Each structure stands twice: as structure tokens, then as C-alpha cells.
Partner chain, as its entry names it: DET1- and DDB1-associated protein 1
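This document opens with one chain alone, in C-alpha cells, the form solved without the partner chain.
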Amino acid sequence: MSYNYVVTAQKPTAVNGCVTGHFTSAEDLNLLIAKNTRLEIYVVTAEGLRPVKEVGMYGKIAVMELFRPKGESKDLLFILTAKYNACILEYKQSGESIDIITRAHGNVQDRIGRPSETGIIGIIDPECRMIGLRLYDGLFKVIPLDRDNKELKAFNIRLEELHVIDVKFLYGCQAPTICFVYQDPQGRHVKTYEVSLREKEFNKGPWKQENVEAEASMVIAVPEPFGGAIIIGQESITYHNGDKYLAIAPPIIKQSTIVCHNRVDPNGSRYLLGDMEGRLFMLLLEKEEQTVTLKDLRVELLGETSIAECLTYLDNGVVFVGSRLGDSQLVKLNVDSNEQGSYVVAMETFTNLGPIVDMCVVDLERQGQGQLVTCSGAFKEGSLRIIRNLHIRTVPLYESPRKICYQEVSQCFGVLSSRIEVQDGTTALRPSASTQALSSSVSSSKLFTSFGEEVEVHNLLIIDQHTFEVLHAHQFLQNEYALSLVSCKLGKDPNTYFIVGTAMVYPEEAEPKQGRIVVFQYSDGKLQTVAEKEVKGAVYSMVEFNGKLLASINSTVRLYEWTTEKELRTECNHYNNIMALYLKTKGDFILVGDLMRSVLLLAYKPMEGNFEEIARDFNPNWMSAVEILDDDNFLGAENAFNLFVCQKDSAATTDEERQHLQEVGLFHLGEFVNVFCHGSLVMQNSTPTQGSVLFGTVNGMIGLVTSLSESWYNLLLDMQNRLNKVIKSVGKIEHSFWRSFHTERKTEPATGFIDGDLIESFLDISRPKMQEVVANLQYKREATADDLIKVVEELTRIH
């Protein structure tokens, strides 16, 4: 078994949900933000946002809704996690002490059922009579919202429509009514049902089914006096209410898909809409009196914001934009547009490191304390983030950064970047790092549509390590996709080179047939192409292997040597019948992995001058990253946001055992790990941990994995078991369930991993709780609170 220890150096920063309500008090206007596992509660004030609380959930918040059942003085918060833990929580404040009460909780999973292709949907009736959930196709789960349902007992209702796009509860209905858009072979249709709790069934909806746009995807339940619903698709916005029907086809929204919305006016007269490219529109419902009925619909382009995962209007024209691909924003809606015609003015920016697609550790200031340079964001939100012990610096690029490497000798970073251009000859959508470089070159190699289609242009950017200016930008050939990047010396050459692997990608070709390995040298402000090699495949990954270059061309692993003529000469080949997406090395050992979790450990034999397979472990599952912890342990990121460790037993006495990498550690991280990298952010130079591997994830979380001794692992496992019996989780989710290795219809207990966050929480509990935790704990001597405090402080000092 292995002994590993995982901590969070940076908590998730990407916003996946946001709601507004009256949660902390009946008079306070509260903004609740869900960032994966974190729930931040702010009080909206004229000066901005005042943070009142921040909570950690033992789960990934998938649904987060505020509702106020009759008799309650303030809103209650319904939260569902990605593991189907549902909880109704209340905000209780006593003096200066704040705690989140769990009014009700329970797991709403089903033994059988296929999760919906459109994901989890959670809605609440406007009268707070029930909670409706769409978790699996063909079923609609109903949780009665009575106060006696303290275990959230739910019942299923069969849905004859299996492909449901969106669903909402309607306003102004005598009985709980749901309006939903669903797809049949004919097309998209809007249907309505009445939910009967007594019969636990569906009854005929208030209005008959109607046909809607083929791309209709969004349902908005308009409140009274309008009632009815609004269907938003890729071309038109329509309003249905009984026999009343209205439709508009505003051209402005046709440029991009509307993905998020929020109601501004409580009576439904105004809505905020957000597209996929960062545009923010306002949808206005013209009102005419007869009762009151809708007259017309009109959409206005408010302006541009960061690519919005969610929107929420707070007050006084202030809107919070929660972004997954960039920094979240607090913007102001002005009555009159500025000179540029934009009504949106940015007030505040909230940092978001995610997605971290690549990163490197570099000691720029040269004090023995490393710094983390990550490629964050995507599209116009792309940037570089420099993180040091946690101060963060942002270098916007306005294009997607993919790979990064540091060249110490030339004092610069090499960043692979991608920008989207429109065929029209291609035109860049906006200025970016690749277009505003001081010096620029374009690939010119003898080797090797429609108006409106988007194409990807790939560049290598040389960026100064001090000013972070784009010193150089080299553009790759047309249709060339740069996949890998390394910086190193080769052979007996004293020079240091940037080596880039690329694949020639065409729409008609499923798998690339051509590719390049290009060796540039950045000297005296110029990027020269020292060497160029053509290969019959995609160079997915590359590494420096003891002065040689180990590349991965499709399903082949090839070792090249750097000759005195400054050319790459094939040293040896190995064929693995799996695409070598992930390629790592240590000493003479090579770790090869594909997207389906297949792992293969080879060893280079200097005398034979070739590779031999040392070990293998094939287990169908999606794998997002691998790393080599040490000579025998290999860490990887597995489907369902898991971490796994595989171990090699060379001294097994059996050929079968010697060629098997038994898994010796599993741990549900809750984050999609994108990149691993050896390094630490703390000053170096007896310690309780050996090694250090940082990892960056999709949600902007940065984590650290280190190795413990058996004694330390046993002590900390005992400490975890003792803490779980004392610490009260929000929503009453068991820690073991939360950290259990999870997969679709499968769950194994966590093993070989110490949850560093749970241990670090030991320092925050009160002294009586510490005494309870340490009671009857064998350190020989009975462990005391002071000893465990010292141990936990030592553990905290590693990051």
C-alpha cells in the first residue's frame, strides 16, 4: 500500500452557481455563490459585496436554490450535490457566531437509472409545495416540501418524454404545474403537466402541447401577472401562455447561443441574458392592460462581460457575472450607454485561475522559493497566472494558452497558444498576445471551407520572465495543431532549445497522418528554427530523456538523438498499440498512458539501445493526467474527479506479478485534474513528508500531493476517523462517502490518501473538541492536544 497526503493550496475559484435572496436575514439582500465545493454568502451593499460567510461542502454543488415556505421568516437554501446528497439548510446567527443549520437532508439517488444527457435539473414550486428533480431520463423525482419530510423522502413519476431539455415550474397555477421542452423524432415541443402529490402522478397541463424552434433550449417561468413561459432557442424567443402566443426573431442573438439568464424585475418585466461569447442582453416584456397581458418582446444588447456561466441582478443596476472560463465580475448597468454604445461598466473583478490546462514551477527571484506559472482561462479570458506564497498576478493574453515551459538560460517562458479566426483569408476576432508580439515569425516549411467557419491558429510565444511582455510570437503552419512543448539541451550541444511537437489536422481525417517536431532557438531576441523533423503522426507528448528526445507519435514511442550536425536521428522505436498521450520519465523508466486509463511502464536499455516493457495495467476508464511519484509509484487522475496511485513490485518472484501495477490508493478529489508537476511553493531546506507534486484542475483549484511514512499515515488516518465523529458537515454528508472513489454506478472506499483539509481543520476546532479528538490516542505515550497541534502545524507548513 502507498501513503499519500493531499492538500488544497488554492481553493476552487470558478463559479458554477449563483443565487440571490434573503438568506441571512429577512431584510438583508444576500448573494450566494457556489464554486464547486465552496459556498460563499455575501451581503449585497451599496459599496459592493460584504462577505459574511464561506462554507465547505463535502460534495460538488450541482443545484443551489433559495425558497421560503409559508411560516418561514427568511429563505431556506436547497443544495444538491453531484453524488445526490440533498439538504435544506438554514442560516442561524447567534451573536458573532454564524452556523448553517441542516433543516433536512437525505440522499436522492436511485439504484437504477441513466443520468440525463442534459445533466441534473433542480426546480422548486413557486408556492414551495415540492421540489422537482430531473436526474435520470424518463423519471421526474418529487420531494414534498412538508416540514415533516426531514429525510427528504422522494417519489418518482414516469415521464413519457425521455429527451427533456429544460423544465420549470409555472407561476399562477392552482396546482403545481411544470412546463418543459423535450425532443422527439419530429422535433422540439413544449409540454405542460400538473403534478399531483396525492396521486403522485401527472395530470393534463393547463395548455396543450406546442411545437417550438428546433434549437429551443431555455425555459423561463414568467411570474404573475403575465404567467406563462418564455422559450429561448438559437434563433427566436417565444412566449406561450394558454392560447396566447408571441414570437420574435431578433438577429442580434443569432451570433451566439444564449446559455444563462436572470430575472431583473420581480414582476418579470425584464430579464438578463448571456451568450457564450460574453455578450449580455436585456429582454424586455412590454405590458398592456385589458387583467394584464403581454404585448411585445424586445432584446437589447447591454454590452460585453466575461464569459458568463451565470448571471444575477443584485440591485441598483449591479449585476454579478459568475464565470467558469475567466474572472468573475461585478458590473454596473447604466441607463445611458457610453461613447462605445456599451451600457455595462465593470466595477469589481474576482480572480479565477481555472481552467488550469498547464503549469510550471520556476524560481524567478532565486531565493529557493518556487513560483507557479499556470495557463488559465480560455478564449478571450486566457491568461497566465503567477502564484507565489497566496499572491496572484495576472497576465492577460486574450487567447487560449495551452502549454508553458520555462527556459532559465534565456530568462523567458515558451507558451503554446491558440486563437480563433474567422474565414473571410482569416480575420482575428480581437487583438491578442500572438498578434501584438514585439517580433513575429510565420512557419514556412516545404513539407505538406466556408465564410464564417472558425479556424484555430496556433502560436509559440516567447514571454519575458520579468515584464511578461510577449517578446516573440511564431505562427505555425495552416491546419497545424501544436500539442507538446519542451525546453532542454540535447546531446553534446551547449545550446538550449524550444522543441514543439505538432500534428497536421484536417476535418476529413479522423486521425492525423502527418506531424512535425520543430527545434527553435531563442537567441538575442530572435527565434530561429534550428531543426525540423517530419513524422507520420501526431506528436502528442515529448520529454528530455538523458540528453535525447523521447517523443510520442500516435501509438509509437520514439527516442531521437541530437547529432553534431544539429539534426534529430532516430535512436529507437517502440510500438504500444495505444496512443501515448501521457509520457513521463524518471531515470531510465518511461510511463506511457492513453485516454482510457491504460498504463504501460517501459525501461530503456542502454546496451541494447531499445525499450522493454516493464509493467502494464489496463483498466477502461477516462484518465486526465499521470505523474511519477517515485521509482515505484505513479499518480494519475481518473474519471469522476478521482485520484489513483499504481505501484510496481519488481521483487515479486512471479512474472505475472512483476508485470502488474496494482492500484494502492484511491481518493475522490472532486476536481478534474488537468496537469501534474513536481515542485513546491514553500522555502526549501527530518521533514514528515517526502517529495511534492502540485496539480492544477479545471475549477482553478491547485492541490499538493506528498508522501508520508507508514507511522504518519496511520496516525493521520486515526485522526481523520476521530475528527469525522466531531466535526459537523454542512448538509450532514459523511466524509467517507464524500471521499469514496466514485464512478457512475460504482463506489469504492478511499484508501492510501490522507485528506489534508480535514486534518488541517483540526486547528480550528475548539479546545474541548480537540480533547475529544485526542482522547485515548496512542502517539507509546498517549497523544495530547499539544502534540497533535504541533504535527498539524508541521503538515500545514508544507504549503
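Positions refer to the first chain, counted from 1. Between two forms, the rigid core is the largest collection of C-alphas that superpose within 1.5 Å.
There is another form of the same protein, the form deposited with the partner chain bound; it is not shown, and what comes next is about it.
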message = Counting any heavy atom within 4.5 Å as contact, can you tell me which stretch out of 721-729, 524-532, 223-231, 491-499 lines the partner chain in the deposited complex?
response = 721-729
key: Position in contact with the partner chain when the complex is considered in the deposited complex, options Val409, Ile98, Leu447, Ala603, heavy atoms within 4.5 Å   = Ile98
note = Exactly one of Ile123, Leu170, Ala104, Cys360 comes within 4.5 Å of the partner chain in the deposited complex through a heavy atom, and that residue is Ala104
query = Quick one: does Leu364 come within 4.5 Å of the partner chain in the deposited complex, counting heavy atoms only?
reply = no
ask   = Looking at the partner-bound form in the deposited complex, is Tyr313 within 4.5 Å of the partner chain by any heavy atom?
value = yes
query = Is there any non-hydrogen atom of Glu40 lying within 4.5 Å of the partner chain in the deposited complex?
reply = yes
query = Are any of the heavy atoms in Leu284 no more than 4.5 Å from a heavy atom of the partner chain in the deposited complex?
reply = yes
task = Kindly confirm or deny that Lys548, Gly636 and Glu794 each have some heavy atom within 4.5 angstroms of the partner chain in the deposited complex.
result = no
query = Does any residue in 44-62 get within 4.5 Å of the partner chain in the deposited complex, counting heavy atoms only, and if so which ones?
reply = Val44, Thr45, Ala46, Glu47, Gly48, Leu49, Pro51, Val52, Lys53, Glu54, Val55
ask   = Can you tell which of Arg430, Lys725, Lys332, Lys153 moves its Cα by 2 Å or more between the shown form and the other one, with the two forms laid on the rigid core?
value = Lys153
ask   = Once you line up the core, how about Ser73: does its CA shift reach 2 Å between the shown form and the other one?
value = no
key: Core-aligned CA displacement of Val212 at least 2 Å between the shown form and the other one   = yes
message = Would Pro51 count as moving between the shown form and the other one, using a Cα shift of 2 angstroms or more after superposing the core as the test?
response = no
